[PDB]
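Here's the structure, in structure tokens; my notes come after.
Quick reminder, even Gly has a Cβ in these numbers, built from the backbone with ideal geometry, and neighbours come from all protein chains shown. Each reported figure results from applying straightforward, stated rules to the coordinates on display, with no laboratory input.
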Amino acid sequence: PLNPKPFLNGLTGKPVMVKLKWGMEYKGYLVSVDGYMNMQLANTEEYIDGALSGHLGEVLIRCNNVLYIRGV
Amino acid sequence: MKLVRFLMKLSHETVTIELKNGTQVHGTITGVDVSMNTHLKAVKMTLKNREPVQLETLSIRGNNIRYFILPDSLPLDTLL
Amino acid sequence: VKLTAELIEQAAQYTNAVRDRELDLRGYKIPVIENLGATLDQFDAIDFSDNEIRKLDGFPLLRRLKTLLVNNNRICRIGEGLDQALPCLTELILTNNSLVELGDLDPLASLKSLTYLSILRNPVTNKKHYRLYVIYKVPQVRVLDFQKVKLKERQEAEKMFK
Amino acid sequence: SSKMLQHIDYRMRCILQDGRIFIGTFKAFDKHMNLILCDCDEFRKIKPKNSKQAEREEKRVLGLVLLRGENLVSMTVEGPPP
Amino acid sequence: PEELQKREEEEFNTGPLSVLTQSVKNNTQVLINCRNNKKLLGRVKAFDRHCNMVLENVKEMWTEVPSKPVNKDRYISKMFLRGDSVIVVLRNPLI
Amino acid sequence: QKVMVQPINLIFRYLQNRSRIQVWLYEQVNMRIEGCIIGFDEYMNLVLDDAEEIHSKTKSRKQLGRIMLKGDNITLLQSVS
Amino acid sequence: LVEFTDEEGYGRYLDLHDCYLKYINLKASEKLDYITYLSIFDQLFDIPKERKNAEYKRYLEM
Amino acid sequence: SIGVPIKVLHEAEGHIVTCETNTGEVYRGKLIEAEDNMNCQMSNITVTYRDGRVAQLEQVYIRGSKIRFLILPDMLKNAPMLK
Amino acid sequence: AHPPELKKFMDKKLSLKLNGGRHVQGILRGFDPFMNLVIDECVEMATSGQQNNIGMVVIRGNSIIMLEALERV
RNA sequence: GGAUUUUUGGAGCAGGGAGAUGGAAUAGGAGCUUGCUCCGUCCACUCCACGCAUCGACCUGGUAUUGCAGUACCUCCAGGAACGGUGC
């Protein structure tokens, strides 16, 4: 079984694809997800429709939007 | 340290708040509380594609406010 | 007895039987019509019954006027520029006034939302082709004095007064 | 300070969250400040979709409406205390 | 109290709040992706668990369609963005 | 008079039998992520496995697999198998 | 009553705080304060610090 | 604590309300049972969903996170809240 | 923390309107004080006249707009 | 006391095509005023899928009721649509 808190414990460091609620995605290493579960992603490629448009690198992606964060 | 007292330490200073309903209200807000609860006093508010409406007593909500703009000659260290 | 702002501030403003925001003047006898702006647009109906009002004019700029009650009046003639101050005013309770002439309602055509009126017991009501001139010169009104306007009477009102 | 209690009992035009309005004499309040409007007027927009027709704002009779905190945004003071 | 305030200090230091940690240590100019797609740039002054960001030297940009989108951009000297509108908090921008 | 059909009980049953299901969205009937839930938690946030988000309008699906749907956007999961 | 400012006093102060805010929203620089605003806006035909060929002319007109 | 608008909706329980939810849904009918979570189980309601065709149905249940507004009986103008 | 008054609506056939314009008819059996539901034989009809029954679904109170019960229970 | 039922928000986005149809008294850039030509914001009519279906009043006729009640909206036909907003 994979509870999502251990899922973030195991996926922190791996390439997270974070798709937001507007569809804003970031493909980059996820750094941390705390008790507020607002994620932190570094070396991010900002994917719109699944095609990275920018490279924001280090950033803190607030949890209020990220639709999913998966290992790519 | 949340921004509660950073927002609440304010009374009747010419500031410019942005309500998340695409509108802005500038003026001397009456008083703020801990949960971003601020009223308006003699405030000039511009809405989305609308007129410079005037409010004598308007009660601005907290999460329906999108941002704040403080005075320019205020020390944020001494404010927050 | 001058019409003043005390007889405005002591007035009643509420949601009356017709779900309209009415300001009422019980026992006013005001022969001077002006200075209603501080009505504050929280009102749509303006009733001034029991008034010595000699003329139908002198009203300020409101956007949401719904009913005008000039009931139990003493009007001699009517002023013209009521339309820019009443954009969408529709009901006019204007009986018991000294309206006679076919030109006593010539400013009525400027009412865009006019739907109903009552001008009974006036020397102008009793005349022939009076409802003809009514349903002609108020083309928008579909009912006046407790009876709807009709296609035949409207055709007759068009034919006459040419 | 529970500030609203000083301006209550007199008529204010509040907003909705969808651009409309609610004009009434504020009766009582709560923690979340969801409002209680007495003999409320609901002045909303009517979709013009045209430049050759005007833009009107029609208000229906709501009476005593208990408007949720999802509707209370900003409420100007426009009426005398009834 | 003391231990809880230190715990919030650590949540700002070695958590996902490390973005605002750098923003308050080195004063890095921060991109603020707002929920209305309004891009804000400026140096940060204060931070909170709720991602409430105090800002300085603030510039606001938004693409308005009059079409062909025009990137309108203006200045607010100081700024305050409580954690409601901010969608993403970018520590280092390309500019 | 009645007993629990608990939501966490349904989530645990899904994640324990590896029950594949399509998960809807909040504010949008557009996408549904079909997959087997890898686990559950306190606040109903579930982790995924073999999940693909398929649209009702586009009729196409982008693969996420080990997805992590946020707990507020979750609308309802319909058991596929 | 309707045409007097409080910072004005019916002829003691002026209405220029919004003017300073608009100068800021036009310039986009933190090196402009009340001193520079007065030294720029006092001159009649003194050298412009902000463009009379850009929207600075309209802002000065307002 | 307990909010006085919610207490007025309790005083309007049993009897008919006219509520409007997130989707413009206008349900005009007897609002029977409700909670401080604004989750009101009601009955005998003409629910229109803002489309114009209101249907007269029984045992509806409207939450409050969707609640745009709710008209409650005017006779509660003498409710202990305002006085 | 308050539980709802859902014990009467338990074991009832309910046509509920969920967000996105969805219409789901189903059986309430037992719920969570957050109104977190599990609906038996839940048939959620799409915008069109096409519908499907999915049996066991943990539905949202964030997405459920309202609900109606077709019986007097 | 920002993780599903009220205020650290799921908001914001733009209005279907086209025709040697018209307009910008005062506002467009280029061909270095005017004359002429092009292009990126609407409306008015005409063409298509009058954007459709639904319904709530609504305008006209005809059509029934004479009926003591504290009110979502109440007879019915037909339309032409002046309106509100839903599903795509």
Just to verify a number: FRET efficiency for I:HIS23 and H:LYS77, C-beta to C-beta distance, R0 = 45 Å, to 0.05? 0.75
Take the alpha-carbon centre of the stretch C:113-155, take the same for the stretch I:11-73, and report the distance between them in whole Å. 57
Theoretical FRET efficiency, 1/(1+(r/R0)^6), r = Cβ-Cβ of D:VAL61 and C:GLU101, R0 45 Å, to 0.05: 0.70
Largest to smallest principal axis extent of the C-alpha atoms in the stretch H:8-77, angstrom: 30, 22, 22
What list of whole percents do you get for P(r) of chain G, with Cα-Cα distances grouped in 10 Å bins up to the one holding the largest distance? 19, 49, 26, 6
What nm distance separates the two modelled labels at B:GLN54 and C:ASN35, each placed 7 Å from Cα along Cα→Cβ? 2.0
With θ set to phi - 60°, apply the Karplus curve 6.51 cos²θ - 1.76 cosθ + 1.60 along the stretch A:2-16 and write out the HN-Hα couplings as whole Hz, x wherever there is a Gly or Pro. 10, 4, x, 5, x, 5, 6, 4, x, 8, 5, x, 7, x, 7
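Please sort E:39-47, I:41-49 by packing, taking for each peptide the average over its residues of neighbouring beta carbons within 10 angstrom, highest first. Numbers along the way, then the final one.
Values: E:39-47: 21.3, I:41-49: 14.0.
Most protected by this proxy first, the peptides run E:39-47, I:41-49.
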Over the Cα atoms, compute the radius of gyration (one decimal) and Dmax (the largest Cα-Cα distance, rounded to a whole number) for chain D, in Å. 13.8, 50
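For chain E, state the average projected area of the convex hull of the C-alpha atoms over all orientations, rounded to one decimal in nm².
Working: hull surface 27.0 nm².
In nm², the orientation-averaged hull projection of chain E is 6.7.
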Enumerate the amide H contacts of E:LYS38 below 5 Å, restricted to partners 5 or more residues apart or on another chain; note that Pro and chain-start residues carry no placed amide H. none
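Which order, highest average first, do C:65-75, H:71-81 follow once you tally other Cβ atoms within 10 Å for each residue and take the mean per peptide? Before the final figure, lay out each step's value.
On the way: C:65-75: 20.1, H:71-81: 16.8.
Ranked by mean Cβ neighbours within 10 Å, highest first: C:65-75, H:71-81.
Rounded if a/c is under 1.5, else prolate if a/b is larger than b/c, else oblate: which is chain A, with a ≥ b ≥ c the root eigenvalues of its Cα gyration tensor? Intermediate results must be reported in sequence, preceding the final value.
Working: a/c = 1.65, a/b = 1.55, b/c = 1.06.
Verdict is prolate for chain A.
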Would you mind checking which residues have amide H under 5 Å from E:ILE87's amide H? H placed 1.01 Å from N; only 5 or more apart, or other chain. E:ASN33, E:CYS34, E:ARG35
Taking θ = phi - 60°, what integer Hz values does the Karplus form 6.51 cos²θ - 1.76 cosθ + 1.60 yield along the stretch H:18-34, in sequence order, with x for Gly and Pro? 9, 9, 9, 9, 4, 7, x, 4, 9, 9, 10, x, 5, 8, 7, 10, 8
Long pairs among D:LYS49/E:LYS78; C:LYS112/E:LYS72; B:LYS44/D:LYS49; C:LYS112/G:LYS22, criterion Cα-Cα beyond 31 Å: D:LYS49/E:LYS78; C:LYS112/E:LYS72; C:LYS112/G:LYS22
Show me, for the stretch I:20-30, the HN-Hα J-couplings you get by feeding each phi into the Karplus relation (A = 6.51, B = -1.76, C = 1.60, θ = phi - 60°), rounded to Hz, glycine and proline as x. x, x, 8, 10, 10, 9, x, 10, 7, 10, x
What is the average number of partner chain Cβ atoms found within 10 Å of a Cβ in B:16-23? 4
Please give the contour-minus-distance gain from C:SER113 to C:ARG26: 0.36 nm per residue of separation, less the Cα-Cα distance, rounded to one decimal in nm. 28.6 nm
Between the stretch C:2-80 and the stretch E:1-17, what is the C-alpha centre distance in whole Å? 65
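If you take the beta carbon distance between C:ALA12 and C:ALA85 as r and set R0 to 22 Å, what does 1/(1 + (r/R0)^6) give as a FRET efficiency, to the nearest 0.05? Could the numbers behind the result be given before it?
Values: r = 22 Å, r/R0 = 1.01.
According to the calculation, E is roughly 0.50.
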Interchain or sequence-distant (5+) residues whose placed amide H lies within less than 5 Å of the amide H of C:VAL143 are C:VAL149
Loop sites in the stretch F:5-81: trypsin sites (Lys or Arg not before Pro), DSSP, at most 11 other Cβ within 10 Å: F:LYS57, F:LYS59
Please figure out what share of the DSSP beta bridges in the protein assembly as shown is antiparallel and state it in percent, rounded to the nearest 5. 90
Taking chain C as the region of interest, what is the percent of Cα-Cα pairs per 10 angstrom bin, listed from the shortest bin to the one with the maximum distance? 11, 40, 35, 12, 2
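Go through C:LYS150/D:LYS52; E:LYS45/G:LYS27; D:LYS52/I:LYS17 and tell me which ones have a Cα-Cα distance over 26 Å in this structure. Could you put the intermediate results ahead of the total?
Values: C:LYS150/D:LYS52 29 Å; E:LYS45/G:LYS27 22 Å; D:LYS52/I:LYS17 38 Å.
Violating the 26 Å Cα-Cα cut-off are C:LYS150/D:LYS52; D:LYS52/I:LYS17.
Among residues other than F:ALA51 whose Cβ falls under 15 Å from its Cβ, what is the net charge (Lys/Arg +1, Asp/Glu -1)? Provide the component values of the computation, followed by the final result.
Values: positive: A:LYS19, A:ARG70, F:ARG18, F:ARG20, F:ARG32, F:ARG61, F:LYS62, F:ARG66, F:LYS70; negative: F:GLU34, F:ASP49, F:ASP50, F:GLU52, F:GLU53.
Net charge in that neighbourhood comes out at +4.
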For chain F, with a Gaussian network of springs between Cα atoms less than 10 Å apart, report the residue from F:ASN17, F:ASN45, F:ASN30 with the top mean-square fluctuation. F:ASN17
Label-point separation, C:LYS152 to E:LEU4 (7 Å along Cα→Cβ), nm: 8.6
Peptide D:14-24: average number of partner chain Cβ atoms within 10 Å per residue? 3
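Counting only DSSP beta bridges with both residues in chain C, tell me the antiparallel percent, nearest 5. Each step should come with its number before you reach the end.
Working: 5 of 19 bridges.
The antiparallel fraction comes to roughly 25 percent.
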Once you sort the root eigenvalues of the Cα gyration tensor of the protein assembly as shown as a ≥ b ≥ c, which label holds: rounded (a/c under 1.5), prolate (a/b larger than b/c) or oblate (the other case)? oblate
Which trypsin sites (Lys or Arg not before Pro) does the stretch B:1-48 hold that lie in a coil by DSSP with at most 12 other beta carbons within 10 Å? B:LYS9, B:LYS48
Average partner coverage of H:21-32, which counts Cβ from other chains inside 10 Å: 2
Rounded Å value of the spacing that divides the Cα centres of the stretch F:1-72 and the stretch H:68-82: 42
For E:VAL65 and H:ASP36, extending 7 Å from Cα along the Cα-Cβ vector and measuring point to point gives, in nm, a value of 4.7
Residues in the stretch A:45-70, backbone N under 11 Å from the label point at E:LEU94 (7 Å along the Cα-to-beta-carbon vector): list them, ranges by number please. A:46, A:53-57
What the Cα atoms of the stretch I:2-73 span along the principal axes, largest first and in whole Å, is 36, 24, 19
